[PDB]
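Asks: Take this structure first; my questions come after.
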């Protein structure tokens, strides 16, 4: 069934599962034409497919060429996401295929279900959580590899860097979603917090800075404070 | 014109014949229904005064034999039976007529309602959906479940409707996932019409039979089947023009005939709004659309 606050811990058991987020698959800029009409220009996008237990991210880059000469692109984006997720599952060895796929938006259920008809024992599930995975393109290294791509490309990452050497999946996921929530609500502030101190660097093979444990506590508190300030501003509370 | 005699009427029961119905009192001298139009299937059905649950009944065609009704006090229901002694049967029918103990099938001459509801329904196909091959007539009731329902328990009592499922390999060609799911023309014309039903008339016949089972017995799986077969056509971009025009007539007489008070359980809101207003065929069911709007605007 649907994933919600109650069955949240299922994400960290030993049944292999993936989140799929399609928010950054079809990305456009909107502009005025010479005659003054509005037009869109597509930019490169990505499917965000994440194993929340291990941190393995399967970042499928969606090159603008896949839209060429296609109509109803936002609808096609859903089916292309499902096609690419299905191909990912097919490429994985049997013992690595997920038992569940959790789509962050309900409009993905039917396309994925139809694309996964060959895998009837993989459960496709919606979620009631308001996950901040659209802010993935606020992670500089992910945005960079997406924008530089000149063709369809899959890039693998661990979105948790090396955190799991020291904390649990549950804690790693809560940190990831806190970072992304902050980046979603106020990107400039969030990124300032992360990078202020030039003496805490990001390893070449990592996405986030190499904070010590104490420094992650200070970071997380700063992200919390950011998120609550922005709330009061949004709602006049 | 043919006759279905009744041995007796020992329990108070509402009897239906096609779209007509009569109240019969406990041990009322009732002995059958005469003047039944040859050339169509028919359905005789029952609702006991004591149990407004389980409507039940029998589909038959008088060209296939001499049929009569007899109450069984063990099993507690009016049973259809076949009399193989042709003389003995004309004998019973004539005596009961002379004694005038039979109601007349009350067809108004202008009325094509029953023809229009049963145009494509053939007794031979009914006996494949309701498999019980020692009888020439077919029993259906409120509670019988369909083969598709059973999948998601007793197969002897199943409605063997053709399984339609929009998210199945059958419906979806590999590599045409999106195309085939948004435009079901492949599933309709190649898989269902050319493959399984062989022609449009057998499809319409199963569609009409499902509708009538849902109307007369409140059979919920039949209602599911009727809506599925509508939705398959309406969700296909490429339908023979003759099927569209015939569908509009078929659905029109079904909506016309439905009891006004039952429109809430018998009409799936989603399917109808999708068929009439969103689908490829939104513009091709003018009669059905006009009668739906003027009669059940609330559902829409």
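Neighbour counts run over all protein chains shown; Cβ positions are idealised from the backbone, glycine included. No lab work stands behind these numbers, since they all come straight from the coordinates.
Asks: State the volume of the convex hull built on the alpha-carbon positions of segment A:164-237, expressed per residue in Å³ and rounded to an integer.
Replies: 98 Å³
Asks: Looking only at chain B, where both bridge partners belong to it, what percent of the DSSP beta bridges are antiparallel (to the nearest 5)?
Replies: For chain B, the DSSP antiparallel bridge percentage is about 90.
Asks: Could you list B:209, B:181, A:34 so that the one with the fewest beta carbons within 10 Å of its beta carbon is first and the one with the most is last?
Replies: Neighbour counts put them in this order, fewest first: A:34, B:181, B:209.
Asks: Here's a follow-up. Using only C-alpha positions, report the orientation-averaged shadow area of the convex hull of the protein assembly as shown, nm², one decimal.
Replies: 35.2 nm²
Asks: Still on this model: Which residue, A:128, A:95, A:113, tops the fluctuation ranking in a GNM of chain A built on C-alpha contacts under 10 Å?
Replies: For chain A, modelled as a Gaussian network with Cα springs under 10 Å, the answer is A:95.
Asks: How many percent of all Cα-Cα pairs in segment B:61-146 sit more than 17 Å apart?
Replies: For segment B:61-146, the share of Cα pairs beyond 17 Å comes to 66 percent.
Asks: Sticking with this one: Give me the one-decimal Kirkwood hydrodynamic radius in Å for segment B:1-66, with the sum taken over alpha-carbon pairs.
Replies: After inverting the pairwise mean of 1/r, the radius is 12.5 Å.
Asks: If each residue's Cβ is checked for other Cβ atoms within 10 Å, how do B:144, B:123 rank with the fewest at the top?
Replies: By the 10 Å Cβ count, ascending: B:123, B:144.
Asks: What shape does segment B:144-300 take by its C-alpha gyration tensor, where a ≥ b ≥ c are the square roots of the eigenvalues and a/c under 1.5 counts as rounded, a/b above b/c as prolate, and the rest as oblate?
Replies: In terms of gyration-tensor shape, oblate.
Asks: Take every Cα pair under 8 Å in chain A that's 6+ residues apart, average their separations, divide by the length, and report that relative contact order as a whole percent.
Replies: 21 percent
Asks: Out of all DSSP beta bridges in segment A:1-141, what portion is antiparallel? Express it as a percent rounded to 5.
Replies: Bridges in segment A:1-141 are about 65 percent antiparallel.
Asks: Given a 10 angstrom Cα cut-off, can you work out which residue in A:141, A:106, A:41 is the most mobile in a GNM of chain A?
Replies: A:41
Asks: Rounded to the nearest 0.05, what FRET efficiency is calculated for residue B:83 and residue B:157 with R0 set to 25 Å and r the Cβ-Cβ distance?
Replies: 0.50
Asks: Would you mind telling me the antiparallel percentage of the DSSP bridges in the protein assembly as shown, rounded to 5?
Replies: Just about 80 percent of them are antiparallel.
Asks: Compute the Rg/Rh shape ratio of chain B: radius of gyration over Kirkwood radius, all on alpha-carbon atoms.
Replies: With Rg and the Kirkwood Rh in hand, the quotient comes to 1.00.
Asks: Related question: Where is the GNM fluctuation largest for chain A (alpha-carbon springs, 10 angstrom cutoff): A:43, A:102, A:217?
Replies: Highest fluctuation of the listed residues: A:217.
Asks: What list of whole percents do you get for P(r) of segment B:133-176, with Cα-Cα distances grouped in 5 Å bins up to the one holding the largest distance?
Replies: In whole percents, the pair-distance histogram is 5, 17, 21, 19, 13, 10, 8, 5, 2, 0.
Asks: For chain A, restrict the atom set to alpha-carbon positions and state the Rg and Dmax in Å.
Replies: Every Cα atom of chain A included, Rg and Dmax give 18.7, 59 Å.
Asks: Quick one: order A:235, B:115 by neighbouring beta-carbon count within 10 Å, fewest to most.
Replies: A:235, B:115
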